[PDB]
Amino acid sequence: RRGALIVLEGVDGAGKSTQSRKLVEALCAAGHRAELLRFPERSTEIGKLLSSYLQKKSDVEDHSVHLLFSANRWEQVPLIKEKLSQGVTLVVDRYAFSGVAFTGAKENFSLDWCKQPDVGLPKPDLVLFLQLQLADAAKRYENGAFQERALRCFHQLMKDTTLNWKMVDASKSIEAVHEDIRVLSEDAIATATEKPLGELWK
């Protein structure tokens, strides 16, 4: 009985890390086997450079840094498939969508070129998109103009009806948003998993 692959997405400040941490805690307290993962995962060899990049300690050519973010997801694919096969539901703080939304926010980056590297990644069973006004996120790639461009790509990605997108009202309290996400998650773990793990964008 496989685990569910559940991803949280949204702009900076939307609540993804807080709600990812709290989701894994609730699911585990309710007797599920569930573990947290995040992208980029700065602890691997590839991840160290993404961190540095993001921390503006290094300049990496724009297509090069896009590909390093994707390669960082692929290096975790064997772990990802192994844990899911063992019944472990994985809660993932950012995935390919952020990947495309942040690079696709840049000039001369077609969404098509940006999606290719991640074509074939484990397909999430549920994509939670933590929605909130930009000005509310800000009060909590990190500048106003860049966040608004990324949000636009996110909206272009959510037209892909092959994915199980759920909107979450991220402007509520931590606890209210958490209960919304918990209930959606329990449902995906119970029914969305009857089908074999899919492939992203293919």
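In case it trips you up, residue 1 is the first one in the sequence shown, and so on.
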Task: Sequence continuity check, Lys56 and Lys57 (deposited residues unmodelled) - done: none
Open item on the list: Per the record, averaged over C-alpha atoms, which has the higher B-factor: 101-109 or 115-123?
Closed with: 101-109
Open item on the list: Mean Cα B factor from the PDB record: higher for 89-97, or higher for 73-81?
Closed with: 73-81
TODO: In terms of CA temperature factor as recorded, identify the highest of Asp12, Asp180, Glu25, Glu194.
DONE: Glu194
Task: Criterion, highest CA B-factor; candidates, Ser51, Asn164, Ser171, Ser64 - done: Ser51
- [ ] Just say lowest, middle or highest third for the CA B-factor of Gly144 relative to the other modelled residues in its chain.
- [x] highest
TODO: Could you look up the Cα B-factor of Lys159 in the entry and say which third of the chain it sits in: lowest, middle or highest?
DONE: highest
Open item on the list: Lowest, middle or highest third: which one holds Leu36 when the chain's residues are ordered by CA B-factor from the entry?
Closed with: lowest
Open item on the list: Is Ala30 in the lowest, middle or highest third of its chain when residues are ranked by C-alpha B-factor?
Closed with: lowest
- [ ] Rank-wise, by C-alpha B-factor, drop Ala150 into the lowest, middle or highest third of its chain.
- [x] lowest
